[PDB]
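For reference, the chains in residue letters:
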Amino acid sequence: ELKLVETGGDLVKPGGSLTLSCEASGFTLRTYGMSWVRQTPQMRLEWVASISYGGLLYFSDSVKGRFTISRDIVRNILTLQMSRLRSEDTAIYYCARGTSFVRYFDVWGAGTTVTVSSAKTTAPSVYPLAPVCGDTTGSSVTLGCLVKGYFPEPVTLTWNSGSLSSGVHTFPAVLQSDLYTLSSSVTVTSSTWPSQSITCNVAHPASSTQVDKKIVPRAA
Amino acid sequence: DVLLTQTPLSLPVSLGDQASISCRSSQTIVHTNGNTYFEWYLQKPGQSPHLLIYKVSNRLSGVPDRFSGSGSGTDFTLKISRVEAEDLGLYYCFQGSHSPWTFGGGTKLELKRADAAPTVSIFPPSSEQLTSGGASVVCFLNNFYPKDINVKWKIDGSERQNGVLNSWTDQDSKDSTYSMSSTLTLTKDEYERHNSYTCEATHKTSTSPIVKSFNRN
């Protein structure tokens, strides 16, 4: 299997630097062409920089002179040295392989998030949301989880550590004066819960936050 | 810079139908070496983009039959025969002919399915949050169609517009519906000052306001 994995995304202050790396697997780098493509928070794709099988360098205009790309055909690692970061640089960064003189991006990684901002790193509060009273006396029940007041992206959320994945809606975070808030609902049969356990699992790496909240039946 | 104008910005289609997506370029886009490096990419919700067509019309192996690439000059078309639900997402064109390389702005392909009503549920602030002086009431409006939906919060009958956070999932490829989240946050002290809390929605599947509520009792 062809595979590319990006690491090193982080939150960086304006004017600062960051290295991104990408490991190739299932193939060798020498031959193919290799690049970083990015997607902005407005969902625009922008090619960032490329390097050909021959070590030729290609840059986009906005990044020529700040960023540098490089590869290690021994270890099979593509690098991107970012300098003088601007807010416009905020994006998820994807590394991708091309087949020289054929195809620009035939293999894409999962991406690594980069945030360029003076907002400070804030850990989320995680709240467990049990039904009222009516949303609880029927074929099905719906539970939620509120994740409030974090920065930056991303967070991870699962239920029952990922074993519970059907019936789930996890909502894209929204940003508010420098804090993100996000939510998730999960809907299971009335004979699932509370008879078994349902737990919200939240991870926010930038704050080293790993936390779990169990849905407990409400009502005083 | 070669610009790439995608047309349509949003493409609603019922399942079974065919979808065409167009991309026009501001200038010719033949590489000196004679190739036309024009590509089509698709990004599914939650996933990375992936290649569909390269060099104008070569489908990437792995890619389903029903996707074809065509055109020349400055006019290019991606066609979808027999739209499925797993085809939903963002479609992008790209040219690698003239530096600096460029992407089109994208076209959101949306499924067109039968109307379906939201399932609404509402949540009082949790004990932990009250403890901290905060009060967030939550409302999910789940699995509905179409996307357009209106939600208002009422406190003790009277509407409340401030401190409301809204958020929508991407279209579910599994049932082609949308879901929504709506959060009203206040202070503890403010929350305790009133008794009734309602999540009020208008959507086309009801002639009536869809209402969920509770009392801090």
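A. Main features of the interface of chain A and chain B. Contacts between the two partners involve 44 residues from chain A, matched on the other side by 50 residues from chain B. Surface buried jointly by chain A and chain B totals about 3800 Å² across both partners, of which 64% is contributed by carbon and sulfur atoms. Contact with chain B buries surface across chain A, with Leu45, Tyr104 and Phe171 of chain A losing the most and accounting together for 18% of the total. Counting every contact that joins chain A to chain B gives two salt bridges. For the salt bridge of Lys213 of chain A with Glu128 of chain B, the shortest nitrogen-to-oxygen distance reads 2.7 Å. Every element with two or more residues in the side of chain A that touches chain B is listed here: β4 (33–39), β5 (45–51), β10 (103–108), β12 (125–129), β13 (140–150), β15 (168–170) and β17 (179–189) of chain A. Residue composition of the side of chain A that touches chain B, grouped by class: 24 nonpolar, twelve polar and eight charged.

B. Spotlight on the state of the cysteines. Under the counting rule described, the total for this entry stands at four disulfides over all chains. Put simply, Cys22 of chain A and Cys95 of chain A are joined by a disulfide, and their sulfur atoms are 2.0 Å apart. Taken as a pair, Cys22 of chain A in strand β3 (residues 18–25) and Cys95 of chain A in strand β9 (residues 91–99) lie far apart in primary sequence, 73 residues in all. The buried category is assigned to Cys22 of chain A, whose relative accessible area is 1%. A sulfur-sulfur distance of 2.0 Å marks the disulfide that ties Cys23 of chain B to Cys93 of chain B. Handedness here is read from the sign of the S-S torsion; for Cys23 of chain B and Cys93 of chain B, about 65°, the answer is right-handed. Of the two residues, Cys23 of chain B is situated in strand β3 (residues 19–25) and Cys93 of chain B in strand β9 (residues 89–95); the sequence distance between them amounts to 70 residues. Look at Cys93 of chain B and you get buried, because its relative accessible area is 0%. Across chain B, the disulfide pattern expressed with sequentially numbered bonded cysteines is 1-2, 3-4.

C. Spatial organisation of the domain arrangement of chain A. All names here are of chain A. Parsing chain A into structural domains produces domain 1 (1–118) and domain 2 (119–217). Averaged C-alpha coordinates put domain 1 and domain 2 at centres separated by 32 Å. Carbon and sulfur atoms supply 58% of the area that domain 1 and domain 2 bury against each other, a total of about 440 Å² over both sides. Together, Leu11, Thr113 and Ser118 form the three largest contributors to the area buried by domain 1 at its contact with domain 2, with a combined 70%. Remark: the boundary between domain 1 and domain 2 carries zero salt bridges. Between the two partners, domain 1 and domain 2, sit two residue pairs in polar contact.

How each quantity is defined
Here, residue numbers run from 1 along each chain following its sequence as written; these need not agree with the numbering used in the entry, and residues that have no coordinates do not appear. The lettering of chains begins at A and the numbering of ligands begins at 1, in the order of writing. Excluding hydrogens and water, the side-chain figures rest on all heavy atoms present in the structure. Any pair of residues with heavy atoms lying within 4.5 Å of one another is described as a contacting pair. Computed with a 1.4 Å rolling probe, the buried area is the accessible surface lost when two parts are put together, summed over both parts. Whenever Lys or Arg places a side-chain nitrogen within 4 Å of a carboxyl oxygen from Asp or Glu, that contact is recorded as a salt bridge. Segments assigned H or I by DSSP are reported as helices when at least four residues long, segments assigned E as strands when at least two residues long, and all are numbered from the N terminus. Ten residue types, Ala, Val, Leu, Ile, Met, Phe, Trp, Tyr, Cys and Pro, are classed as nonpolar, four, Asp, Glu, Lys and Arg, as charged, and the remainder, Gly among them, as polar. The criterion for a disulfide is a pair of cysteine sulfur atoms lying within 2.5 Å. Note on classification: 1.4 Å probe, protein chains only; a residue is buried when its accessible area is under 20% of the maximum for its type, exposed when over 50%, partly exposed between these limits. For every domain, the bounds stem from an assignment made automatically or drawn from a database. Whenever a nitrogen or oxygen atom comes within 3.5 Å of another N or O atom, the pair is scored as a polar contact, on the condition that within protein one atom can donate a hydrogen and the other can accept it, and that pairs from neighbouring residues in sequence are kept only if both atoms are in side chains.

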